[PDB]
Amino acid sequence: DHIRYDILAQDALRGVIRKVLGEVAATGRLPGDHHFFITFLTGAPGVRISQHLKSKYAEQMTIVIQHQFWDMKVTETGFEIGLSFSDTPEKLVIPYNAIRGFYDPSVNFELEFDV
C-alpha cells in the first residue's frame, strides 16, 4: 500500500488540465469547436473568489470556458480567469487540486477527481 497510485494519477491528470488551458491562454483563443466545463470547490484551499460568488455556490461551482472569456493566466498551481457576470465582473483563481471535474464536449472528454 506504500504507493499512492490514485494520488499520482490524479496529479498526472491534473497536469493535463494545466497543459491544456495552459496553451489556450497562450494564444488567448480557444481551438476549433472546443470548450471546457470546469467544476471546482468554491471553498477549497487556494481558491480565490468573492463572498458574492461564494454566497451563490457555497459548495461547488461550475464555470464554462467558451467563445470569449478573459484575463486567463495559467500557473503551475492553478488558473486565473475573468468571468463577466450579469451584474459584476468576477476574477477567480482556481487551483487544480480544487478541480473535481473537467468536461470537454467537442471531443466528449471527461475527467473526475476525489475532492
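Numbering starts at 1 and runs along the sequence shown.
- When the mean C-alpha temperature factors of 80-88 and 66-74 are read from the deposited coordinates, 80-88 comes out higher.
- Mean CA temperature factor is higher for 56-64 when stretches 56-64 and 42-50 are set side by side in the entry.
- Taking the deposited Cα B-factors for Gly22, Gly15, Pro95, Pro105, the highest one is held by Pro105.
- Among all modelled residues in its chain, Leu111 ranks in the middle third by Cα B-factor.
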